[PDB]
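Working notes for the structure below.
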Amino acid sequence: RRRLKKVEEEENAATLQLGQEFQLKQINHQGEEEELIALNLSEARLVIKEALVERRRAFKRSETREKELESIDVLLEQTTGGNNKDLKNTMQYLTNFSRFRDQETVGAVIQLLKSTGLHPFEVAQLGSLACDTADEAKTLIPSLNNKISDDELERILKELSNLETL
Amino acid sequence: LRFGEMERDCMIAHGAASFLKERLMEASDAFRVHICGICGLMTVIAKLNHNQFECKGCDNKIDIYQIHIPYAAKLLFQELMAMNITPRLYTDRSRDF
Amino acid sequence: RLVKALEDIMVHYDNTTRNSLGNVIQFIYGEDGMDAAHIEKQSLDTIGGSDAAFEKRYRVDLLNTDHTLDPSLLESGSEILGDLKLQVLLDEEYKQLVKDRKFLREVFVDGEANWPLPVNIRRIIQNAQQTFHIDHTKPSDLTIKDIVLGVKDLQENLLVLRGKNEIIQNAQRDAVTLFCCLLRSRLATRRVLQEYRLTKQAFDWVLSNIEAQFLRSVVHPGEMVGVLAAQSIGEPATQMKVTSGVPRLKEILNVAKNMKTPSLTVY
Amino acid sequence: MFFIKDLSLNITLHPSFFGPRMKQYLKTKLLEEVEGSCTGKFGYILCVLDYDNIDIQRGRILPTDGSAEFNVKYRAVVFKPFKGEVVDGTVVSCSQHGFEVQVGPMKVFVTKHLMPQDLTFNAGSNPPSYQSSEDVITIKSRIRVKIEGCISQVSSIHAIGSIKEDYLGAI
Amino acid sequence: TXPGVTXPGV
Amino acid sequence: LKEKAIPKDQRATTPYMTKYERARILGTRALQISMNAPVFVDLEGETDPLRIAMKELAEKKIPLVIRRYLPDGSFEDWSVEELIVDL
Amino acid sequence: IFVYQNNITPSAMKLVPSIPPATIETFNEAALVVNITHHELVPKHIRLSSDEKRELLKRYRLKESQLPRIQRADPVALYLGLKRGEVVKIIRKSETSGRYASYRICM
Amino acid sequence: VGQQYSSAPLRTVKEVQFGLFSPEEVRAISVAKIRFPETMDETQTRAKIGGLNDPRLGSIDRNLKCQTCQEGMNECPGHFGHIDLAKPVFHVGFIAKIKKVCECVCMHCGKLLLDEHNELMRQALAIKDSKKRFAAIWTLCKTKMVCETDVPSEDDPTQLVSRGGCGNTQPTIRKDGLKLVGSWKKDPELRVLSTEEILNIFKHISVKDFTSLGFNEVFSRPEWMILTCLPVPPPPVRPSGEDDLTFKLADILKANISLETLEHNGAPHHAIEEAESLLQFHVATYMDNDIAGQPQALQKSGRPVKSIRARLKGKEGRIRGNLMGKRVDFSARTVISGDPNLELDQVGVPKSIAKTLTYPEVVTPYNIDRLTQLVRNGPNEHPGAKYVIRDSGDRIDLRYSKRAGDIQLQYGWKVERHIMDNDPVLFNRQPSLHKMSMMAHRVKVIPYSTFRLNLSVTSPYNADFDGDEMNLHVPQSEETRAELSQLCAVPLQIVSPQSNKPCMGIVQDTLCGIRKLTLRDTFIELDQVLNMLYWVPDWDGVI
Amino acid sequence: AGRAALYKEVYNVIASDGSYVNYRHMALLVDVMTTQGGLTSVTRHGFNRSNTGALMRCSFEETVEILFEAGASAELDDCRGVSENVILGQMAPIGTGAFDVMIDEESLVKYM
DNA sequence: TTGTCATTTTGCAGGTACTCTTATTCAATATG
RNA sequence: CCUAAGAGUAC
DNA sequence: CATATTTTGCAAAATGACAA
Ligand SMILES: [Mg+2]
Ligand SMILES: [Zn+2]
Ligand SMILES: [Zn+2]
Ligand SMILES: [Zn+2]
């Protein structure tokens, strides 16, 4: 309720104190509740590209890193206008640190991490970070301690590293 | 001229709500005052030219609203505050009808 | 004081009368849902008169001669006699009229016939008679089944509450029962065919206007009936053995344990 | 990290703007106002999803004013930095107090206090960089950094990061 | 009474 | 708000426009016309915004809806087009 | 129902509430000489069942407190043995319409 | 020019949540600590820093901006200060409530006396509304005068269950003026309950205990009924010849300083108690000067001081005198006269009144020409315009602007022009006991100094022409104009809902004439028949 | 029966001098006076002692005491009454204000 | 182990608008 | 300018 | 010589016993 000025804890991924508006369940615009899904770098980049191409098509009706950057710049200029410096920086950051290429690989990754039955924040971090070993991932992400077996995390990171291309 | 209580009652009986609001606000005294969503008090420092709104105590700067109330209403609320009463004004419902 | 007490009473879109807290004061405004400005004093014909006068006014028999109808009144006056279904219709209509007579005599113990009701049927009948030039000599084009079914459909069409459940339907019937009694009292088969001598188009026009005027007389949601009632009581007070007038009004509003003239009536 | 969230914005339209292209005006005015914006409640707001049919609803006329208040609901992609989160980035500048790393749309300033003692600033090289015993961190160099604090700023945000933990630095 | 002319009582 | 909105197929309010509804529609439309809102009807030379709104209402060319609020907070949406102006 | 002549000792009034669901109602014979329900001022009272009360609250979108109240000491409520929360339908011969139905919740 | 643009979102107040200031909230919202009773410094030309008119609370001079918000007196709401009281004092409006609360709570351990173990406490606590709960709890716990550290078991009155009681004996508390005196049962010992100890015992009441007493955990805790920090209202509340509130606040500061010095330098308990009583009296009379029994705090001129409660209550108080009803602009009042030649819904308006009262018409392509013509005519002749409101908020007075030349109107601007014929205007006669005594008429501008109205409309107004005055209000927007013409118009009021019959009729000369005209003896020759037929405006033209 | 007797008393008062008032006004008055289960008087100790909102209740009588009790009890006023909106200077939910006027984009496009 | 009955104190507010005129703002003793 | 008082107009 | 301070309408709530 109002609660006047209520105190709150400081956010920390170690404790997973993301926030009152970053809870696991969020009420969607349709009125029902959906799990808080988080996008990894490649998945977020694909989502951005899909949104931009859809916007470009709606306006119209009404791979290598260099060519990808040229295409995204041209499409950004054609679709939207100005004041997109933050968007341009995010887009180039995503293209530079692009862990995956197309829909098939990101879909396989997301379904694999869904099969892990783990927290969306943790699986998104695992998909984004390109870790190598298991203890390295555990020390990088404190939230993964005492949640999954060491061998299972190691092997799933092995498949993720195998799926890495370019 | 005095638009007394029972003139307001006659206008209510006529059902003309907007005319009553215009009589009580635009014709007499309309005051724009700023409040915050944390505490309903009017203790919001609003530097309009610099575009800076800040309620000290609540320590918020991004949760400010402006409302149009009669200056007599603002004076009544400030007098209640001076008399150790908090007439907190909120812009959303916390309870269902 | 009266205005402040009733200032927040309003008619809502479900026809209930509620205050600012949503408490139900009346489940329908004025117990009939009608705007006060659309109410006129009219006479209920069934409640008064004698039993013989009531039969002569309303009873119609197609198989006897004591209460038969003149065949010249309507076009098919020589074919209706000897019918069975039409006699059943007249039987149920007269039974309903008798039930209405008993009901009205129950409601008004003094037998007062003139009461304020929404739609003025008499003016509608006069307007139809003057508009369609009723010659009062030509046999009527109407059929009895037409009259009965038209009255029934008109009763079905007088809607005050638009809900679609048993509670709301019962409330609607309770709301329109008295006006339906008046309507059956006026648009009876004998009275239509003999006293007024409607035609088919004139009867349809009368039904349409009754329905339109009844729908137009329903109170509008959002009406501030509380302030209206407070003013309608207070203003006549300014024009003003047992205490009366302003002192009695003050004793009533200020509910006082001890009053000047406590009197009791024994029958 | 990047998320997608359900957001709502109130837009007031003048009476003069209720032509047949009102939907177009509302869609355009939602953009240029929230696209690429920044706030402390949701971090950065980068783009809007499902632009084909954004929920505009009906729109309420303000009494005595005539303007209409639409509560447009939409899906927005956001980037909210969080405490104790490891993220990749690129160094863009270095200074005496520390160095700035480009993470998405934000610049995280890692101070010289949050690095191992082997790494030291060096202004001799052009451009000045950070050089250690085993590796050197220069401009346009990939580096992984763990964010442990965030500072809300005007139309921007300057978080606090570190590389002191194991397996933090250039890849 | 009233007041005027509390209650009674109070 | 989805729970509040009574579905159109089972609205139980009067299909006739109330006097207050008509007054507010005429006032709102006149105020909008006074502020150069587009006109959806042809003008026969009339210049008063109120009578322009009256002409718009006469032939149901007002693109507004009434959100009738029930005492419990639920509401029904009635387009001006489908409301019957009998008064 | 206990029907007494003059009065009940208050030492017995305190033990009137027995173990539920058994309820004890006390009436004075002087108060029961004339049946109040036959008075023309007293309209018809019908107790509602739980399903009927639920339907009444559902159809009118009402809460418990928004209904008109009837005290749990009213002579008609004592006559019918109303318990708190139970709703009586009141049938009345109105003069604007023939029949009017009200509802009162016991408090 | 009004108020300039603000980027903050515009909403309407949906809920008003009441409560009490916590002292820490007062200290947080206050912008200055008031310490010096003086309002102006020794130079007598500027506001003293730290005085009662601190510039941080708002500017007392139109020439200077507020030191806090850097806004003029038009915009600045005024920002509160705070006075840190030397010792806690009772709030004069809560003393009775404080007595009830301390009579419901143990005066030593600070726990509610009758817990749920008592039979009647389940009934008391089951009550929903806070006020009824508190009434029941008080009327059952006022008679208990022992903390009852051990109580009979709820299951059976055989074994004893120990609760968190201390076993002390609660005193009987009365009020003697502005203080509470407690008499403990003699093992009576009478002593004045210090406000400090009552505050301490209030701060020890558990959350569950005082939430059953009606108090709120977030908005009103019982210990907040004791004043430790006084919120000082800004100068807008007490504009200057200082206001009564300023003098009372100066007295409060003087008493506070006296008590603080006495405590700091050491003094006999009698002097300390006297200073404390003086401070309590000053605070109480500042908030309420109409305390029964206690003498009124007189002003320097020997009259009672107008306290805040005096400002709020009464017919002329804030609520009834400035909020429920208030003086309004765009209103006229003058003597009324009858006119048989006016229509039922018409009202005759003197030309001077029509030249004074104005309506703002938005400049539109449909009315650019006539509005421009009215602007050209100016305010000195009727019809004409008095002001031109620009889209930027700047206002052009038609007087003194004829030198600048002709003004080019632009769409969206407003022309504030004289009310013309057929303008809907609300028309009233007071007291105005019913809605028909306040109706919408159409203006007809006439060349004499009285309002003119039809004879048939005098009955709903209860108006004669023996000196009656009537009031005229002009709507200032299209919405108000339209709803006034479509809801309050005179023809729509002919049939009153008061008695479902017409409220206007034929009266006075017309009634006598209509009786004399319709007699069987009355015959009219051709010439008079033609004149009478022509006098009927809608006569079809056939004899 | 008390409500019926109250209506009869008020009707007798009104019609003692021959004046006539429609039934529904007196019916509304006597229903308000008896809606709480007892005879609620039109006085400070009657209708003004409900939970109908502090701002509404203070506008009649005992203003400052009502405000003090509201502050101590932390009453929440939902501003559903006329007096609350009159004090706050906003359109009351009465008459023309008993509903919200909104814009249909689809109908507006459908016109042209 | 429970009713009884019989004196002494408990709070107050008065309709709606509107016009005009008149007086008065602590006096005086006391210290800087 | 405020306050108080008095006289008065229409109810 | 000038500013500062000394007519009206009651039902209860509360009280003092109390009685075995
Ligand atoms: Mg007169
Ligand atoms: Zn705040
Ligand atoms: Zn300021
Ligand atoms: Zn204790």
Side-chain angles (χ1 to χ4, degrees), chain B residues 1-10, chain C residues 1-4 231 234-235 237-239 246-247 250-251 254-260, chain E, chain G residues 7-14, chain H residues 37-38 42 44 96 135 138-139 142-143 157 172 174-175 238-247 251 254 290-293 298-306 310-311 313-316 320-321 324-328 331-336 428-434 437-438 451 458 460-473, chain I residues 43-45 60-63 65:
Chain B
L1 275 298
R2 166 97 176 168
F3 197 80
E5 288 191 70
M6 65 180 288
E7 289 77 8
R8 164 196 70 93
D9 298 306
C10 294
Chain C
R1 268 196 295 138
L2 272 172
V3 168
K4 274 286 160 197
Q231 291 178 335
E235 188 270 350
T238 66
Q239 307 306 108
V246 179
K250 187 174 157 219
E251 278 185 351
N254 299 327
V255 179
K257 320 304 187 71
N258 324 297
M259 64 182 179
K260 298 291 107 175
Chain E
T1 66
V5 99
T6 65
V10 100
Chain G
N7 61 277
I8 308 296
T9 58
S11 57
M13 274 285 108
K14 49 168 58 53
Chain H
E38 298 88 17
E42 78 292 347
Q44 299 298 115
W138 175 71
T139 190
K142 59 165 180 195
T143 47
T172 66
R174 297 179 293 116
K175 74 186 290 296
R238 47 194 173 71
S240 56
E242 297 305 312
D243 204 62
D244 291 11
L245 291 189
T246 298
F247 285 121
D251 292 314
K254 284 176 168 68
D290 308 272
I291 312 168
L298 304 197
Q299 192 45 263
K300 185 258 195 186
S301 69
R303 65 182 196 181
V305 169
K306 192 173 191 59
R311 283 149 74 112
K313 72 182 283 296
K315 300 195 288 187
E316 298 86 359
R320 294 188 53 189
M324 309 316 295
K326 54 186 83 174
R327 302 194 174 284
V328 293
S331 54
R333 172 184 185 87
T334 177
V335 189
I336 47 166
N428 186 4
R429 179 182 176 278
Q430 298 173 352
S432 68
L433 303 158
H434 52 113
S437 58
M438 167 169 273
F451 284 152
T458 62
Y461 287 124
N462 196 232
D464 285 13
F465 309 130
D466 57 356
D468 292 327
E469 281 173 347
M470 285 188 76
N471 294 316
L472 189 77
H473 304 267
Chain I
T43 302
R44 50 171 54 184
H45 69 267
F60 170 57
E61 276 180 20
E62 295 180 352
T63 291
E65 282 76 43

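Hydrogens, waters and symmetry mates play no part in the numbers below; they use all other heavy atoms, side chains included. We name chains A, B, ... by the order of the sequence lines, and we start the count at 1 in each one.
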Discussion item. Check this for me, if you would: do H/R311 and H/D244 make a salt bridge, where the nitrogen-to-carboxylate-oxygen distance has to be below 4.0 angstrom?
Written reply: no

Worksheet item: Is the shortest distance from a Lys or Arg side-chain nitrogen in C/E251 or C/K260 to a carboxylate oxygen in the other one below 4.0 Å?
Response: no

Measure from [atom1] on [X] to [atom2] on [N] and round the result to the nearest Å.
{"X": "H/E469", "N": "J/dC20", "atom1": "CD", "atom2": "P", "value": "10 Å"}
{"X": "H/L472", "N": "J/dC18", "atom1": "CG", "atom2": "P", "value": "15 Å"}
{"X": "B/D9", "N": "J/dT16", "atom1": "CG", "atom2": "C1'", "value": "12 Å"}
{"X": "I/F60", "N": "J/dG15", "atom1": "CZ", "atom2": "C1'", "value": "13 Å"}
{"X": "C/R1", "N": "J/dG15", "atom1": "CZ", "atom2": "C1'", "value": "12 Å"}
{"X": "H/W138", "N": "L/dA13", "atom1": "CH2", "atom2": "P", "value": "10 Å"}
{"X": "H/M324", "N": "J/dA17", "atom1": "CE", "atom2": "P", "value": "13 Å"}
{"X": "I/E62", "N": "J/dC12", "atom1": "CD", "atom2": "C1'", "value": "11 Å"}

If you measure from the [atom1] atom in [N] to the same atom in [M], how many Å do you get, rounded?
{"N": "K/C1", "M": "J/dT29", "atom1": "P", "result": "36 Å"}
{"N": "J/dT10", "M": "L/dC10", "atom1": "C1'", "result": "11 Å"}
{"N": "J/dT8", "M": "L/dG16", "atom1": "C1'", "result": "10 Å"}
{"N": "L/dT3", "M": "J/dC26", "atom1": "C1'", "result": "14 Å"}
{"N": "J/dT16", "M": "L/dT5", "atom1": "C1'", "result": "46 Å"}
{"N": "J/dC12", "M": "L/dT7", "atom1": "P", "result": "22 Å"}
{"N": "J/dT19", "M": "L/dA4", "atom1": "P", "result": "41 Å"}
{"N": "J/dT7", "M": "L/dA11", "atom1": "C1'", "result": "15 Å"}

Practice prompt. With side-chain contact (heavy atoms from CB on, under 4.5 Å) as the test, would you mind laying out the steps for H/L472 and H/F451 before giving the verdict?
Written response: CA-CA 9 Å; H/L472 189 77; H/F451 284 152; 3.7 Å; yes

Worksheet item: Which comes earlier along DNA chain L counting from the 5' end, the contact point of H/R174 or that of C/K260, where each point is its nearest nucleotide?
Response: C/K260

State, to 0.1 Å, how close [X] and [Y] come at their nearest heavy-atom pair, and which atoms those are.
{"X": "I/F60", "Y": "I/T43", "answer": "CE2-C, 4.1 Å"}
{"X": "H/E242", "Y": "H/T246", "answer": "OE1-CG2, 3.6 Å"}
{"X": "H/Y461", "Y": "H/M438", "answer": "CE2-N, 3.9 Å"}
{"X": "H/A310", "Y": "H/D290", "answer": "CB-OD2, 4.4 Å"}
{"X": "H/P37", "Y": "H/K254", "answer": "CB-NZ, 3.6 Å"}
{"X": "H/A463", "Y": "H/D468", "answer": "C-OD2, 3.6 Å"}

Under a 3.5 Å limit for both distances, which nucleotide forms a Watson-Crick or G-U wobble pair with [N], could you say?
{"N": "J/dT7", "result": "none"}
{"N": "J/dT24", "result": "none"}
{"N": "L/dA14", "result": "none"}

Side chain of [X] (C-beta onward), nearest among [options]:
{"X": "H/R327", "options": "L/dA14, J/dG3, J/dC18", "answer": "J/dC18"}
{"X": "H/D466", "options": "K/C11, J/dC26, J/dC12", "answer": "K/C11"}
{"X": "H/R303", "options": "J/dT16, J/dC26, K/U3", "answer": "K/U3"}
{"X": "C/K257", "options": "J/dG15, L/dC10, L/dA12", "answer": "L/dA12"}
{"X": "G/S11", "options": "J/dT25, J/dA17, J/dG3", "answer": "J/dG3"}
{"X": "I/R44", "options": "L/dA11, J/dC18, J/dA13", "answer": "J/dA13"}
{"X": "H/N462", "options": "J/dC26, K/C11, J/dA17", "answer": "K/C11"}
{"X": "E/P8", "options": "K/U3, K/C11, L/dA11", "answer": "L/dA11"}
{"X": "H/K300", "options": "J/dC26, J/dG14, L/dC10", "answer": "J/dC26"}
{"X": "H/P431", "options": "L/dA12, K/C11, J/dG3", "answer": "K/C11"}

Discussion item. Check this one for me: any side-chain N or O of H/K315 less than 4.0 Å away from OP1 or OP2 of J/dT16?
Written reply: yes

Discussion item. Below the 4.0 Å mark, does J/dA17 have OP1 or OP2 next to a side-chain nitrogen or oxygen of B/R2?
Written reply: yes

Assign [X] to base, sugar-phosphate, or nothing according to its heavy-atom contacts below 4.0 angstrom with the strands shown.
{"X": "H/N471", "result": "nothing"}
{"X": "B/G4", "result": "sugar-phosphate"}
{"X": "H/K142", "result": "sugar-phosphate"}
{"X": "H/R320", "result": "sugar-phosphate"}
{"X": "B/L1", "result": "sugar-phosphate"}

Examine [N] and say whether its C1'-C2'-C3'-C4' torsion places the sugar north (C3'-endo side) or south (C2'-endo side).
{"N": "J/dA23", "answer": "south"}
{"N": "J/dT8", "answer": "south"}
{"N": "J/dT22", "answer": "south"}
{"N": "J/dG15", "answer": "north"}

